[PDB]
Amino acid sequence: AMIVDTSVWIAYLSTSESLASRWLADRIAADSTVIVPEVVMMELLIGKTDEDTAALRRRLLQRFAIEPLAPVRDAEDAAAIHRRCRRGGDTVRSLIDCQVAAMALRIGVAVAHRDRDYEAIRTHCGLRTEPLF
């Protein structure tokens, strides 16, 4: 049971071959459990303006567990994570990453990603990661 960050889904959907893309293809082929934070779903649904593509990708993500954020609490924690990292010298580049981390730490799973932001969060908050650069 793990969270797959937007960055890996983008690698998968992009026309380029990469380890992240191969990793997600394998995981999809194995019927492994993928956790989809709603904010990741949101990011993925803007990659193409075509509404039929969006609808098809909405069904792609619906195959897995679309996990809802905890109201108010995940947002507060996301901000606390961002502050903590910034005191430690790292400015996390997206609050969405922080919300994803807030969820991961709350439910106790790792985050698969191709985004150094999560390695910063790992350093300061201990977030379990599977980096896929």
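Start at 1 with the first residue shown and count on from there.
Once the C-alpha B-factors are averaged per stretch, 14 to 22 and 106 to 114 rank with 14 to 22 first.
In this entry, 60 to 68 shows the higher mean Cα temperature factor of the pair 44 to 52 and 60 to 68. Remark: residue 27 belongs to the highest third of its chain, ranked by C-alpha B-factor as recorded. Annotation for residue 4: C-alpha temperature factor in the middle third relative to the rest of the modelled chain, per the entry.
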